[PDB]
>>> print(open('final.pdb').read())   # PDB, C-alpha atoms and all ligand atoms
ATOM      1  CA  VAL A   3     133.559  65.591  57.712
ATOM      2  CA  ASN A   4     135.628  67.337  55.036
ATOM      3  CA  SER A   5     137.037  70.818  54.407
ATOM      4  CA  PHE A   6     134.730  71.995  51.580
ATOM      5  CA  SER A   7     132.913  75.197  52.635
ATOM      6  CA  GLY A   8     129.969  77.142  51.401
ATOM      7  CA  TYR A   9     128.453  74.497  49.131
ATOM      8  CA  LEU A  10     124.755  74.074  48.492
ATOM      9  CA  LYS A  11     123.679  70.445  48.862
ATOM     10  CA  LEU A  12     121.806  69.192  45.797
ATOM     11  CA  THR A  13     121.486  65.512  46.651
ATOM     12  CA  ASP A  14     122.847  62.945  49.077
ATOM     13  CA  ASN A  15     126.237  63.108  47.313
ATOM     14  CA  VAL A  16     126.352  66.192  45.022
ATOM     15  CA  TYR A  17     127.226  69.716  46.212
ATOM     16  CA  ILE A  18     127.591  72.940  44.184
ATOM     17  CA  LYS A  19     129.250  76.318  44.694
ATOM     18  CA  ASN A  20     129.901  79.460  42.662
ATOM     19  CA  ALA A  21     133.687  79.315  42.747
ATOM     20  CA  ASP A  22     136.848  79.409  40.668
ATOM     21  CA  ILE A  23     138.031  75.783  40.699
ATOM     22  CA  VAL A  24     141.655  76.980  40.702
ATOM     23  CA  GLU A  25     141.137  79.061  43.840
ATOM     24  CA  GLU A  26     139.054  76.339  45.454
ATOM     25  CA  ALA A  27     141.737  73.744  44.799
ATOM     26  CA  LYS A  28     144.514  75.946  46.164
ATOM     27  CA  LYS A  29     142.545  76.472  49.386
ATOM     28  CA  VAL A  30     141.197  72.992  49.962
ATOM     29  CA  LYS A  31     144.076  70.946  48.469
ATOM     30  CA  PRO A  32     141.591  68.136  47.766
ATOM     31  CA  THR A  33     142.684  64.554  47.219
ATOM     32  CA  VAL A  34     141.310  64.795  43.658
ATOM     33  CA  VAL A  35     140.671  67.770  41.376
ATOM     34  CA  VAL A  36     139.008  66.972  38.060
ATOM     35  CA  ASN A  37     140.315  68.550  34.866
ATOM     36  CA  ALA A  38     138.078  69.150  31.832
ATOM     37  CA  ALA A  39     140.614  67.490  29.548
ATOM     38  CA  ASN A  40     140.750  66.680  25.857
ATOM     39  CA  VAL A  41     142.134  63.446  24.431
ATOM     40  CA  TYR A  42     145.563  64.993  23.731
ATOM     41  CA  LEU A  43     145.848  66.529  27.213
ATOM     42  CA  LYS A  44     146.486  69.880  25.538
ATOM     43  CA  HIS A  45     145.486  72.267  28.317
ATOM     44  CA  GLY A  46     144.975  75.411  26.285
ATOM     45  CA  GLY A  47     141.846  77.064  27.598
ATOM     46  CA  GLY A  48     138.754  76.740  29.694
ATOM     47  CA  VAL A  49     139.169  74.895  32.969
ATOM     48  CA  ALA A  50     142.203  73.001  31.651
ATOM     49  CA  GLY A  51     144.056  76.135  30.608
ATOM     50  CA  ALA A  52     143.343  77.698  34.000
ATOM     51  CA  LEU A  53     144.461  74.651  36.008
ATOM     52  CA  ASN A  54     147.642  74.305  33.935
ATOM     53  CA  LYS A  55     148.512  77.996  34.256
ATOM     54  CA  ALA A  56     148.151  77.688  38.044
ATOM     55  CA  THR A  57     150.762  74.855  37.973
ATOM     56  CA  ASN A  58     153.230  77.079  36.058
ATOM     57  CA  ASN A  59     152.873  74.657  33.080
ATOM     58  CA  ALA A  60     154.009  71.612  35.118
ATOM     59  CA  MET A  61     150.664  69.943  34.343
ATOM     60  CA  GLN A  62     151.358  70.308  30.597
ATOM     61  CA  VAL A  63     154.918  68.957  30.910
ATOM     62  CA  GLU A  64     153.673  65.883  32.775
ATOM     63  CA  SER A  65     150.807  65.461  30.316
ATOM     64  CA  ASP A  66     153.089  65.575  27.275
ATOM     65  CA  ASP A  67     155.166  62.729  28.733
ATOM     66  CA  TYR A  68     151.956  60.759  29.457
ATOM     67  CA  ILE A  69     150.772  61.107  25.845
ATOM     68  CA  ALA A  70     154.197  60.287  24.411
ATOM     69  CA  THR A  71     154.123  57.008  26.374
ATOM     70  CA  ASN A  72     150.442  56.045  26.173
ATOM     71  CA  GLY A  73     148.851  57.875  23.240
ATOM     72  CA  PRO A  74     145.595  59.824  23.438
ATOM     73  CA  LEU A  75     142.762  59.176  25.831
ATOM     74  CA  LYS A  76     139.300  58.105  24.661
ATOM     75  CA  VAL A  77     136.374  60.521  24.674
ATOM     76  CA  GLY A  78     134.575  59.493  27.869
ATOM     77  CA  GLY A  79     137.864  58.271  29.376
ATOM     78  CA  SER A  80     140.285  59.517  31.996
ATOM     79  CA  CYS A  81     143.704  59.235  33.542
ATOM     80  CA  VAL A  82     145.099  60.033  36.990
ATOM     81  CA  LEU A  83     148.146  62.307  37.058
ATOM     82  CA  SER A  84     149.715  64.559  39.667
ATOM     83  CA  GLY A  85     147.714  67.361  41.240
ATOM     84  CA  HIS A  86     150.887  69.475  41.454
ATOM     85  CA  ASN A  87     150.307  72.466  43.779
ATOM     86  CA  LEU A  88     146.506  72.159  43.490
ATOM     87  CA  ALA A  89     145.593  68.689  44.826
ATOM     88  CA  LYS A  90     147.143  65.289  45.529
ATOM     89  CA  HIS A  91     145.898  63.989  42.181
ATOM     90  CA  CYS A  92     144.340  65.389  39.037
ATOM     91  CA  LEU A  93     141.754  63.193  37.338
ATOM     92  CA  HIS A  94     141.830  64.284  33.686
ATOM     93  CA  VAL A  95     138.389  63.421  32.285
ATOM     94  CA  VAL A  96     137.406  63.839  28.629
ATOM     95  CA  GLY A  97     133.789  64.826  28.144
ATOM     96  CA  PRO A  98     132.448  65.065  24.590
ATOM     97  CA  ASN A  99     133.082  68.382  22.849
ATOM     98  CA  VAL A 100     129.900  69.398  21.017
ATOM     99  CA  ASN A 101     131.981  71.903  19.068
ATOM    100  CA  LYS A 102     133.826  68.852  17.638
ATOM    101  CA  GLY A 103     130.670  66.931  16.883
ATOM    102  CA  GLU A 104     131.206  64.275  19.609
ATOM    103  CA  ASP A 105     128.302  62.139  20.893
ATOM    104  CA  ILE A 106     126.687  63.721  23.983
ATOM    105  CA  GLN A 107     125.737  60.225  25.271
ATOM    106  CA  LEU A 108     129.451  59.892  26.059
ATOM    107  CA  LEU A 109     128.902  62.406  28.865
ATOM    108  CA  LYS A 110     127.557  59.643  31.111
ATOM    109  CA  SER A 111     130.659  57.518  30.473
ATOM    110  CA  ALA A 112     132.809  60.543  31.318
ATOM    111  CA  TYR A 113     131.080  61.050  34.688
ATOM    112  CA  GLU A 114     131.402  57.318  35.510
ATOM    113  CA  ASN A 115     135.139  57.934  35.989
ATOM    114  CA  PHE A 116     134.272  59.963  39.097
ATOM    115  CA  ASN A 117     132.970  56.795  40.815
ATOM    116  CA  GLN A 118     136.544  55.513  41.180
ATOM    117  CA  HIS A 119     137.226  58.299  43.740
ATOM    118  CA  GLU A 120     135.477  58.719  47.075
ATOM    119  CA  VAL A 121     135.593  62.568  47.045
ATOM    120  CA  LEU A 122     136.317  64.988  44.167
ATOM    121  CA  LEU A 123     136.384  68.704  43.379
ATOM    122  CA  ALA A 124     135.121  69.013  39.828
ATOM    123  CA  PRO A 125     133.745  71.246  37.074
ATOM    124  CA  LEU A 126     130.658  70.371  35.081
ATOM    125  CA  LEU A 127     131.876  68.094  32.302
ATOM    126  CA  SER A 128     131.372  69.237  28.712
ATOM    127  CA  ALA A 129     130.246  72.714  29.899
ATOM    128  CA  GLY A 130     131.930  75.974  28.944
ATOM    129  CA  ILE A 131     133.980  75.778  25.761
ATOM    130  CA  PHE A 132     133.030  72.102  25.314
ATOM    131  CA  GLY A 133     129.633  73.343  24.171
ATOM    132  CA  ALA A 134     127.128  71.204  26.087
ATOM    133  CA  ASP A 135     124.166  72.521  28.068
ATOM    134  CA  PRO A 136     125.394  72.833  31.691
ATOM    135  CA  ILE A 137     121.896  72.074  33.015
ATOM    136  CA  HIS A 138     122.039  68.747  31.135
ATOM    137  CA  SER A 139     125.568  68.173  32.423
ATOM    138  CA  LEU A 140     124.406  68.692  36.014
ATOM    139  CA  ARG A 141     121.519  66.241  35.501
ATOM    140  CA  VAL A 142     123.864  63.565  34.123
ATOM    141  CA  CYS A 143     126.268  64.206  37.015
ATOM    142  CA  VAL A 144     123.557  63.729  39.645
ATOM    143  CA  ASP A 145     122.202  60.631  37.894
ATOM    144  CA  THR A 146     125.643  59.002  37.350
ATOM    145  CA  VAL A 147     128.062  59.932  40.134
ATOM    146  CA  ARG A 148     127.556  58.056  43.410
ATOM    147  CA  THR A 149     130.701  59.277  45.185
ATOM    148  CA  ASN A 150     130.907  62.686  46.847
ATOM    149  CA  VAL A 151     131.346  65.443  44.278
ATOM    150  CA  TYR A 152     131.880  69.155  44.969
ATOM    151  CA  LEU A 153     131.062  71.102  41.791
ATOM    152  CA  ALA A 154     132.650  74.520  41.235
ATOM    153  CA  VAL A 155     130.822  76.737  38.770
ATOM    154  CA  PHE A 156     132.840  79.788  37.725
ATOM    155  CA  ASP A 157     129.983  81.913  36.343
ATOM    156  CA  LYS A 158     127.673  83.334  39.019
ATOM    157  CA  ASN A 159     124.824  83.809  36.540
ATOM    158  CA  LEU A 160     125.106  80.170  35.483
ATOM    159  CA  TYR A 161     125.369  78.954  39.081
ATOM    160  CA  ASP A 162     122.089  80.679  39.936
ATOM    161  CA  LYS A 163     120.362  79.275  36.773
ATOM    162  CA  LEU A 164     121.609  75.761  37.640
ATOM    163  CA  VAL A 165     120.307  76.008  41.215
ATOM    164  CA  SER A 166     116.976  77.599  40.308
ATOM    165  CA  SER A 167     116.211  74.999  37.600
ATOM    166  CA  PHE A 168     117.401  71.927  39.539
ATOM    167  CA  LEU A 169     114.791  69.204  39.859
TER     168      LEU A 169
HETATM  169  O1  LIG B 201     136.326  75.344  29.843
HETATM  170  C1  LIG B 201     135.270  75.994  30.077
HETATM  171  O2  LIG B 201     134.798  76.779  29.207
HETATM  172  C2  LIG B 201     134.545  75.838  31.425
HETATM  173  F1  LIG B 201     133.294  76.124  31.329
HETATM  174  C3  LIG B 201     135.247  76.684  32.570
HETATM  175  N1  LIG B 201     134.607  76.246  33.637
HETATM  176  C4  LIG B 201     135.240  76.524  34.932
HETATM  177  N2  LIG B 201     134.675  75.892  35.961
HETATM  178  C5  LIG B 201     135.113  76.036  37.199
HETATM  179  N3  LIG B 201     136.130  76.826  37.435
HETATM  180  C6  LIG B 201     136.761  77.505  36.471
HETATM  181  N4  LIG B 201     137.795  78.335  36.560
HETATM  182  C7  LIG B 201     138.116  78.800  35.351
HETATM  183  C8  LIG B 201     139.131  79.698  35.007
HETATM  184  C9  LIG B 201     139.318  80.076  33.692
HETATM  185  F2  LIG B 201     140.311  80.950  33.359
HETATM  186  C10 LIG B 201     138.487  79.558  32.712
HETATM  187  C11 LIG B 201     137.467  78.672  33.045
HETATM  188  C12 LIG B 201     137.258  78.266  34.395
HETATM  189  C13 LIG B 201     136.353  77.400  35.148
HETATM  190  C14 LIG B 201     134.449  74.643  33.402
HETATM  191  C15 LIG B 201     134.789  74.471  32.079
HETATM  192  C16 LIG B 201     133.883  73.376  31.411
HETATM  193  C17 LIG B 201     134.157  71.879  31.315
HETATM  194  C18 LIG B 201     134.019  72.706  30.047
END
>>> encode(input="final.pdb", output="structure tokens")
Amino acid sequence: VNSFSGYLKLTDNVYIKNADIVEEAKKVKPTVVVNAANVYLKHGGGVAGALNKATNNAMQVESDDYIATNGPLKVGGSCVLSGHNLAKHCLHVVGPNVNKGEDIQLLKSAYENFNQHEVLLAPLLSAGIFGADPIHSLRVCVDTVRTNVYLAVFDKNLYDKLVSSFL
């Protein structure tokens, strides 16, 4: 039993809710919140900009030190950093950005990072400003992630399309 509330169950291990991931994280304080990161951990907009703003820019300060030490992530890769006031940990995962011409097949590799964590609160990778089809992203999620994932979808219209079209 866990503290996630109001989710629709899609499969044995995947759950979905129309929610603001920032508000959901502040209420649940999950062990892991997933950020929709880029390789530079520059959290300017989308999910990343919202999560960072909610940390009063502490996420960005920590991220800049991480990059200065380690260099950029790989597309499809991840790193674990602090969850600040939102979660114990933040798993920064880089899905391909279609608006940068990155290979959509890397979306599966991105979701494989979730399997290193028993339970996660997450957005749909590569959705939103990353330019992928969220229906495709949900399919890859369900077919790749084996651990327990609670997906927060900000847009109510999109949440209903995702549910209604789910096979
Ligand atoms: O970055 C994008 O465009 C997204 F679509 C946004 N979306 C979200 N998902 C769940 N909660 C969200 N709260 C927010 C608050 C904001 F001010 C802006 C975006 C969100 C948001 C996932 C993200 C996709 C991986 C690309």
>>> closest_residue(input="final.pdb", among="A:38, A:65, A:164, A:49", to="residue A:135", atoms="all atoms listed in the file")
A:164
>>> atom_distance(input="final.pdb", atom1="atom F2 of ligand LIG 201 (chain B)", atom2="atom CA of residue A:10")
22.8 Å
>>> resolve_selection(input="final.pdb", expression="the PyMOL selection byres (((chain A and resi 62) around 12) and not hetatm)", output="number ranges by chain")
A: 37, 39, 42-46, 50-61, 63-69, 83-86, 94
>>> closest_atom_pairs(input="final.pdb", of="chain A", to="ligand LIG 201 (chain B)", cutoff="10 Å", atoms="only C-alpha atoms and all ligand atoms", output="JSON lines")
{"residue": "A:19", "atom": "CA", "partner": "B:LIG201", "partner_atom": "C5", "distance": 9.5}
{"residue": "A:20", "atom": "CA", "partner": "B:LIG201", "partner_atom": "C5", "distance": 8.3}
{"residue": "A:21", "atom": "CA", "partner": "B:LIG201", "partner_atom": "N3", "distance": 6.4}
{"residue": "A:22", "atom": "CA", "partner": "B:LIG201", "partner_atom": "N3", "distance": 4.2}
{"residue": "A:23", "atom": "CA", "partner": "B:LIG201", "partner_atom": "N3", "distance": 3.9}
{"residue": "A:24", "atom": "CA", "partner": "B:LIG201", "partner_atom": "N4", "distance": 5.8}
{"residue": "A:25", "atom": "CA", "partner": "B:LIG201", "partner_atom": "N4", "distance": 8.0}
{"residue": "A:26", "atom": "CA", "partner": "B:LIG201", "partner_atom": "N3", "distance": 8.5}
{"residue": "A:27", "atom": "CA", "partner": "B:LIG201", "partner_atom": "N3", "distance": 9.8}
{"residue": "A:36", "atom": "CA", "partner": "B:LIG201", "partner_atom": "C17", "distance": 9.6}
{"residue": "A:37", "atom": "CA", "partner": "B:LIG201", "partner_atom": "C17", "distance": 7.8}
{"residue": "A:38", "atom": "CA", "partner": "B:LIG201", "partner_atom": "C17", "distance": 4.8}
{"residue": "A:39", "atom": "CA", "partner": "B:LIG201", "partner_atom": "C17", "distance": 8.0}
{"residue": "A:40", "atom": "CA", "partner": "B:LIG201", "partner_atom": "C18", "distance": 10.0}
{"residue": "A:45", "atom": "CA", "partner": "B:LIG201", "partner_atom": "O1", "distance": 9.8}
{"residue": "A:46", "atom": "CA", "partner": "B:LIG201", "partner_atom": "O1", "distance": 9.4}
{"residue": "A:47", "atom": "CA", "partner": "B:LIG201", "partner_atom": "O1", "distance": 6.2}
{"residue": "A:48", "atom": "CA", "partner": "B:LIG201", "partner_atom": "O1", "distance": 2.8}
{"residue": "A:49", "atom": "CA", "partner": "B:LIG201", "partner_atom": "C12", "distance": 4.1}
{"residue": "A:50", "atom": "CA", "partner": "B:LIG201", "partner_atom": "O1", "distance": 6.6}
{"residue": "A:51", "atom": "CA", "partner": "B:LIG201", "partner_atom": "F2", "distance": 6.7}
{"residue": "A:52", "atom": "CA", "partner": "B:LIG201", "partner_atom": "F2", "distance": 4.5}
{"residue": "A:53", "atom": "CA", "partner": "B:LIG201", "partner_atom": "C8", "distance": 7.4}
{"residue": "A:54", "atom": "CA", "partner": "B:LIG201", "partner_atom": "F2", "distance": 9.9}
{"residue": "A:55", "atom": "CA", "partner": "B:LIG201", "partner_atom": "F2", "distance": 8.8}
{"residue": "A:56", "atom": "CA", "partner": "B:LIG201", "partner_atom": "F2", "distance": 9.7}
{"residue": "A:95", "atom": "CA", "partner": "B:LIG201", "partner_atom": "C17", "distance": 9.5}
{"residue": "A:96", "atom": "CA", "partner": "B:LIG201", "partner_atom": "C17", "distance": 9.1}
{"residue": "A:97", "atom": "CA", "partner": "B:LIG201", "partner_atom": "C17", "distance": 7.7}
{"residue": "A:98", "atom": "CA", "partner": "B:LIG201", "partner_atom": "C18", "distance": 9.5}
{"residue": "A:99", "atom": "CA", "partner": "B:LIG201", "partner_atom": "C18", "distance": 8.4}
{"residue": "A:123", "atom": "CA", "partner": "B:LIG201", "partner_atom": "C5", "distance": 9.7}
{"residue": "A:124", "atom": "CA", "partner": "B:LIG201", "partner_atom": "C5", "distance": 7.5}
{"residue": "A:125", "atom": "CA", "partner": "B:LIG201", "partner_atom": "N2", "distance": 4.9}
{"residue": "A:126", "atom": "CA", "partner": "B:LIG201", "partner_atom": "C17", "distance": 5.4}
{"residue": "A:127", "atom": "CA", "partner": "B:LIG201", "partner_atom": "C17", "distance": 4.5}
{"residue": "A:128", "atom": "CA", "partner": "B:LIG201", "partner_atom": "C18", "distance": 4.6}
{"residue": "A:129", "atom": "CA", "partner": "B:LIG201", "partner_atom": "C18", "distance": 3.8}
{"residue": "A:130", "atom": "CA", "partner": "B:LIG201", "partner_atom": "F1", "distance": 2.8}
{"residue": "A:131", "atom": "CA", "partner": "B:LIG201", "partner_atom": "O2", "distance": 3.7}
{"residue": "A:132", "atom": "CA", "partner": "B:LIG201", "partner_atom": "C18", "distance": 4.9}
{"residue": "A:133", "atom": "CA", "partner": "B:LIG201", "partner_atom": "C18", "distance": 7.4}
{"residue": "A:134", "atom": "CA", "partner": "B:LIG201", "partner_atom": "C18", "distance": 8.1}
{"residue": "A:136", "atom": "CA", "partner": "B:LIG201", "partner_atom": "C16", "distance": 8.5}
{"residue": "A:139", "atom": "CA", "partner": "B:LIG201", "partner_atom": "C17", "distance": 9.4}
{"residue": "A:153", "atom": "CA", "partner": "B:LIG201", "partner_atom": "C5", "distance": 7.9}
{"residue": "A:154", "atom": "CA", "partner": "B:LIG201", "partner_atom": "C5", "distance": 5.0}
{"residue": "A:155", "atom": "CA", "partner": "B:LIG201", "partner_atom": "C5", "distance": 4.6}
{"residue": "A:156", "atom": "CA", "partner": "B:LIG201", "partner_atom": "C5", "distance": 4.4}
{"residue": "A:157", "atom": "CA", "partner": "B:LIG201", "partner_atom": "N2", "distance": 7.6}
>>> write_last_selection(input="final.pdb", atoms="C-alpha atoms", output="PDB file, in the coordinates of the input")
ATOM      1  CA  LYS A  19     129.250  76.318  44.694  1.00  0.00           C
ATOM      2  CA  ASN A  20     129.901  79.460  42.662  1.00  0.00           C
ATOM      3  CA  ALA A  21     133.687  79.315  42.747  1.00  0.00           C
ATOM      4  CA  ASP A  22     136.848  79.409  40.668  1.00  0.00           C
ATOM      5  CA  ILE A  23     138.031  75.783  40.699  1.00  0.00           C
ATOM      6  CA  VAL A  24     141.655  76.980  40.702  1.00  0.00           C
ATOM      7  CA  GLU A  25     141.137  79.061  43.840  1.00  0.00           C
ATOM      8  CA  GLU A  26     139.054  76.339  45.454  1.00  0.00           C
ATOM      9  CA  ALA A  27     141.737  73.744  44.799  1.00  0.00           C
ATOM     10  CA  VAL A  36     139.008  66.972  38.060  1.00  0.00           C
ATOM     11  CA  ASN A  37     140.315  68.550  34.866  1.00  0.00           C
ATOM     12  CA  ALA A  38     138.078  69.150  31.832  1.00  0.00           C
ATOM     13  CA  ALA A  39     140.614  67.490  29.548  1.00  0.00           C
ATOM     14  CA  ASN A  40     140.750  66.680  25.857  1.00  0.00           C
ATOM     15  CA  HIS A  45     145.486  72.267  28.317  1.00  0.00           C
ATOM     16  CA  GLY A  46     144.975  75.411  26.285  1.00  0.00           C
ATOM     17  CA  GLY A  47     141.846  77.064  27.598  1.00  0.00           C
ATOM     18  CA  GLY A  48     138.754  76.740  29.694  1.00  0.00           C
ATOM     19  CA  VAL A  49     139.169  74.895  32.969  1.00  0.00           C
ATOM     20  CA  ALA A  50     142.203  73.001  31.651  1.00  0.00           C
ATOM     21  CA  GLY A  51     144.056  76.135  30.608  1.00  0.00           C
ATOM     22  CA  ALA A  52     143.343  77.698  34.000  1.00  0.00           C
ATOM     23  CA  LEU A  53     144.461  74.651  36.008  1.00  0.00           C
ATOM     24  CA  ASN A  54     147.642  74.305  33.935  1.00  0.00           C
ATOM     25  CA  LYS A  55     148.512  77.996  34.256  1.00  0.00           C
ATOM     26  CA  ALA A  56     148.151  77.688  38.044  1.00  0.00           C
ATOM     27  CA  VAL A  95     138.389  63.421  32.285  1.00  0.00           C
ATOM     28  CA  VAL A  96     137.406  63.839  28.629  1.00  0.00           C
ATOM     29  CA  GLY A  97     133.789  64.826  28.144  1.00  0.00           C
ATOM     30  CA  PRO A  98     132.448  65.065  24.590  1.00  0.00           C
ATOM     31  CA  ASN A  99     133.082  68.382  22.849  1.00  0.00           C
ATOM     32  CA  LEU A 123     136.384  68.704  43.379  1.00  0.00           C
ATOM     33  CA  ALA A 124     135.121  69.013  39.828  1.00  0.00           C
ATOM     34  CA  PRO A 125     133.745  71.246  37.074  1.00  0.00           C
ATOM     35  CA  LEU A 126     130.658  70.371  35.081  1.00  0.00           C
ATOM     36  CA  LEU A 127     131.876  68.094  32.302  1.00  0.00           C
ATOM     37  CA  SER A 128     131.372  69.237  28.712  1.00  0.00           C
ATOM     38  CA  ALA A 129     130.246  72.714  29.899  1.00  0.00           C
ATOM     39  CA  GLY A 130     131.930  75.974  28.944  1.00  0.00           C
ATOM     40  CA  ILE A 131     133.980  75.778  25.761  1.00  0.00           C
ATOM     41  CA  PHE A 132     133.030  72.102  25.314  1.00  0.00           C
ATOM     42  CA  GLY A 133     129.633  73.343  24.171  1.00  0.00           C
ATOM     43  CA  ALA A 134     127.128  71.204  26.087  1.00  0.00           C
ATOM     44  CA  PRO A 136     125.394  72.833  31.691  1.00  0.00           C
ATOM     45  CA  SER A 139     125.568  68.173  32.423  1.00  0.00           C
ATOM     46  CA  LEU A 153     131.062  71.102  41.791  1.00  0.00           C
ATOM     47  CA  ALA A 154     132.650  74.520  41.235  1.00  0.00           C
ATOM     48  CA  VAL A 155     130.822  76.737  38.770  1.00  0.00           C
ATOM     49  CA  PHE A 156     132.840  79.788  37.725  1.00  0.00           C
ATOM     50  CA  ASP A 157     129.983  81.913  36.343  1.00  0.00           C
TER      51      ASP A 157
END
>>> atom_distance(input="final.pdb", atom1="atom CA of residue A:4", atom2="atom CA of residue A:144")
19.9 Å
>>> atom_distance(input="final.pdb", atom1="atom CA of residue A:91", atom2="atom CA of residue A:121")
11.5 Å
>>> closest_residue(input="final.pdb", among="A:102, A:110, A:76, A:119", to="residue A:33", atoms="only C-alpha atoms")
A:119
>>> resolve_selection(input="final.pdb", expression="the PyMOL selection byres (((chain A and resi 32) around 8) and not hetatm)", output="number ranges by chain")
A: 27, 30-31, 33-35, 88-90, 122-123
>>> decode(input="final.pdb", residues="stretch 12-35 of chain A", atoms="C-alpha atoms", output="PDB file, in the first residue's frame")
ATOM      1  CA  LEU A  12      -3.854   1.033 -16.648  1.00  0.00           C
ATOM      2  CA  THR A  13      -1.913  -2.179 -16.116  1.00  0.00           C
ATOM      3  CA  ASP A  14      -0.471  -4.296 -13.328  1.00  0.00           C
ATOM      4  CA  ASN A  15       2.165  -1.602 -12.676  1.00  0.00           C
ATOM      5  CA  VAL A  16       1.160   1.647 -14.467  1.00  0.00           C
ATOM      6  CA  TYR A  17      -1.278   4.218 -13.036  1.00  0.00           C
ATOM      7  CA  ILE A  18      -2.353   7.600 -14.469  1.00  0.00           C
ATOM      8  CA  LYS A  19      -3.934  10.771 -13.101  1.00  0.00           C
ATOM      9  CA  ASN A  20      -4.786  14.250 -14.361  1.00  0.00           C
ATOM     10  CA  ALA A  21      -2.546  16.185 -11.995  1.00  0.00           C
ATOM     11  CA  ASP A  22       0.146  18.831 -11.730  1.00  0.00           C
ATOM     12  CA  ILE A  23       3.288  16.817 -10.941  1.00  0.00           C
ATOM     13  CA  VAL A  24       4.556  19.676  -8.755  1.00  0.00           C
ATOM     14  CA  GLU A  25       1.424  19.639  -6.603  1.00  0.00           C
ATOM     15  CA  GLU A  26       1.354  15.850  -6.548  1.00  0.00           C
ATOM     16  CA  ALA A  27       4.965  15.690  -5.408  1.00  0.00           C
ATOM     17  CA  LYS A  28       4.446  18.267  -2.666  1.00  0.00           C
ATOM     18  CA  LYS A  29       1.501  16.263  -1.307  1.00  0.00           C
ATOM     19  CA  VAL A  30       2.840  12.746  -1.621  1.00  0.00           C
ATOM     20  CA  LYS A  31       6.567  13.435  -1.036  1.00  0.00           C
ATOM     21  CA  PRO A  32       7.370  10.305  -3.066  1.00  0.00           C
ATOM     22  CA  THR A  33      10.690   8.508  -2.790  1.00  0.00           C
ATOM     23  CA  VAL A  34      11.338   9.379  -6.457  1.00  0.00           C
ATOM     24  CA  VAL A  35       9.970  12.131  -8.698  1.00  0.00           C
TER      25      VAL A  35
END
